[PDB]
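The structure under discussion appears below in the form of structure tokens.
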Amino acid sequence: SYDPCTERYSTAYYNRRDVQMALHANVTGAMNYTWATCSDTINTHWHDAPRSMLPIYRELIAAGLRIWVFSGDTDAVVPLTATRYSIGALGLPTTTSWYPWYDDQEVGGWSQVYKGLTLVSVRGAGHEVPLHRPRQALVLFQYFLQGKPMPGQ
Amino acid sequence: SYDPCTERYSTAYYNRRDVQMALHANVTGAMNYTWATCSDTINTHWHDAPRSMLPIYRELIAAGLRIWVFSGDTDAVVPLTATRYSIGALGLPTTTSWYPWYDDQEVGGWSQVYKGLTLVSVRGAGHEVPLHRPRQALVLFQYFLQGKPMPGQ
Amino acid sequence: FXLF
Amino acid sequence: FXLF
Amino acid sequence: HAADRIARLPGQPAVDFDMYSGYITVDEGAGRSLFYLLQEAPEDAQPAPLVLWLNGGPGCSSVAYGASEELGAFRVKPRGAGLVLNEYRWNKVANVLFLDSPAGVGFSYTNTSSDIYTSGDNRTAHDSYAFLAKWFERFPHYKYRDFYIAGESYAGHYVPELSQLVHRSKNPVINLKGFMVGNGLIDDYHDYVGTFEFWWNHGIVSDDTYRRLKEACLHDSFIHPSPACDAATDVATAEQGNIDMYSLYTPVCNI
Amino acid sequence: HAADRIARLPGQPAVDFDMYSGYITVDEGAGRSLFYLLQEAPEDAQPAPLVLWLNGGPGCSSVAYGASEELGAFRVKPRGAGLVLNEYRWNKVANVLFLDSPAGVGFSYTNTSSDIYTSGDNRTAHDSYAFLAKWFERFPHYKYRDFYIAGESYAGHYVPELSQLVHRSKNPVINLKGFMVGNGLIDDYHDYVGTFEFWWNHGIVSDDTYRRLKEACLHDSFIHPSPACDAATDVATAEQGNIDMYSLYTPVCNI
Ligand SMILES: NC(=[NH2+])NCCC[C@H](N)C(=O)O
Ligand SMILES: NC(=[NH2+])NCCC[C@H](N)C(=O)O
């Protein structure tokens, strides 16, 4: 069932005339380039990008916003450890120490609640979480929306 | 296809009268205890166990024996990192730096050849390698027997 | 072309 | 009962 | 608004929720316009929150990923033949707004060609903010809705950057409640550190490369690595071999 | 020798190689005898090497694991109903000798009950050495064969320990060419270190537990942890939850 070729299909599809029609995209046909999943050009001509997002995090945490950080634990591009360390830098206090959260009877990943931020790992999921662990990804999303901690048991 | 309940089946099977007959085990029926996969008693009453095997390794390496160490990289009981560090302690020189070895067209794991020892990881395999990556486990075994490095390409 |  |  | 409504996409199964897509100009002077895709929750779930979802790259499309192979309502069949419904689509619980950003990505476009050579986090965000303000004027029934911003990867930048503008903007119509980041850039230094450690702990690089990466990249950013950093990562790449770095235990696509 | 030959096991498919199993007394005085299972390579592969395979625990059976759910020729069907052939059985290329060890494990037994409360690496190995010498007298056609010793886990002890006796024994009949260890104990200190780091890098413990484990266990051995070490690991256990620690991304058996 997992198919690693999704980007190919997508590309085929979005480049279809009828699909753009239906989407109301490229109304006049003036985008005279093939639709692609990413732009290598922009990818390659990027400018400003602060090194740390932490300060924003501090600001919004102080502003009382809800902040959740998650990570698919089999991704190696922006891996869990990178996240653990970055969040670790905020120095927040822990309200609920690293614990296993369950989906049904299975451990979906783990989570730790700090004062002002919730961290959640999604077990066995790569970079595209809702792609590799769709079921668990949804649970994650529902809890975040509710502002409730990932479920134990 | 993977079935995590194998130990149960085994236990059912070996405890069968006919199987023991066929095996020539417990000829006289005097083992008046159920056959089990492990003995908790011995497990729990273990005595001597040196802390390091390294010296033996040094000895046998010096004796010219062939030595290969492997590791299923999704095992968390005696994990790859434990191995990397232990072997690292031998301080051997590297003949062939960490490289991806392939089974067919897929990366089966990685390997590094040192002077006197070969290290091999088996990608995605848990503790029981030939259980989780049977195909790759066999490749590993054939190369070791031949005394040849895991194949690149 | 590196995608995060 | 720990198995390595 | 009604004009952006989608009737049916090619190959689309019949569903019980609506979708809209279209353009919003975010920079009249430059002629920059962003394309969006809105996938609503069924009635039984309304009024559900509004969630802005953003993919990273930078230069990757929210529609292509987010909507098409991730949390979106459908998945594209092979050969781009049609669609299947995503049984775990996030629009089962929220009104999901996918934004192709920045201009130049996906269906988003710019009238000033150089725009595509000058993108940066700042403009990206300002334009996104613009997009929103305007978007809400087009979908005024969404004003005041609980609103969240979420994304992955490079969107670890985009999300909190936008969030901060929104927050600071003091835009009364936007009821920003928070944001969520998945596998995202958070802090270059720490991220670099955790990255290498993770790789070494997953048996993907040599000890020496681990060490070379730590020494070469630590003062760099993910997006703009030094040449030492790149040389080091070229070696790591060679050590990694033909695996999917975005999912270590899954196969690479063969076509 | 011929007497140890197996004709057919219950539920066994028909194959093109032979197997033998039986007992060898390794300690007359104590009445210690080890059970073995020999699974030979088909003719087309002979004369193939002889490989002694050992499982760990300590207290786990080479037959139960090695032979039955790993590299062995067959796999047991559910409910212990019968057998299936292991398409990747290592006996496709070697004569595989599985040893239940030490006495008390599997089908191996001891006449002195206390034996089972006094096991240790030393005796284990000496008895294994004995087993071998004797085994070869029973299968004299295996003398001089290229011989290897291999195992996993606690056999990281057993294998090199036995190997060293064999080597030093200067037993002419045993042509020991080397050994291979899989996921094995090699050095307590380093292993402890890599273990915790690996766990933390796999998101299985908290930062604090990572730290507590490092501080509690580092001067201990795997087999005999201090009480600090155990307290720490009890927490890790709780953090790990209901997963299979021997295969992180696979499910636990439900029966
Ligand atoms: N598997 C990939 N090649 N993924 C590339 C896309 C990563 C991207 N930033 C995202 O938003 O997903
Ligand atoms: N999955 C398990 N419970 N494995 C226990 C067995 C580990 C054992 N030492 C072995 O030799 O495999």
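Whatever order the structure lists them in is the order used to number ligands and atoms, beginning at 1. A note on names: the letters A, B, ... follow the listed sequences, proteins ahead of strands, and every chain is numbered from 1.
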Parallel, tilted or perpendicular: which one describes the rings of F/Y246 and B/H127, with boundaries at 30° and 60°?
perpendicular
For atom 3 (N) of ligand 1, the protein heavy atom that lies nearest, with its residue and separation
A/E7 OE2, 3.5 Å
Which protein heavy atom lies closest to atom 9 (N) of ligand 2, and at what distance to 0.1 Å?
D/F4 O, 2.3 Å
Contacting atoms of ligand 2, where contact means under 4.0 angstrom from a heavy atom of F/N55:
10 (C), 11 (O), 12 (O)
Review item, side-chain donor-acceptor pairs of residues 248-255 of chain E, under 3.5 Å, at least two apart:
residue: E/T250; atom: OG1; partner: E/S247; partner atom: O; Å: 3.4
residue: E/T250; atom: OG1; partner: E/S247; partner atom: OG; Å: 2.5

Using the ring of each side chain (for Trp, its six-membered ring), is F/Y154 parallel, tilted or perpendicular to F/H157, with breaks at 30° and 60°?
tilted
Heavy atom of B/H127, distance to ligand 2 below 4.0 Å
yes
Can you confirm, on distance only, whether ligand 2 has an N/O atom lying under 3.5 Å from any N/O atom belonging to F/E70?
no
Between E/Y36 and E/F107, ring centroids under 6.0 Å
no
Holding to salt bridge (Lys or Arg N to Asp or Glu O under 4.0 Å), I want the full list of residues that pass it with F/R75, two or more places apart in sequence or in another chain.
none
among protein heavy atoms, the one nearest atom 12 (O) of ligand 1 is E/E152 OE2, 2.7 Å
Would you check if the distance from the ring center of B/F144 to the ring center of F/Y148 is below 6.0 Å?
yes
At what distance is the nearest protein heavy atom to atom 4 (N) of ligand 1, and which residue and atom is it?
A/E128 OE2, 3.3 Å
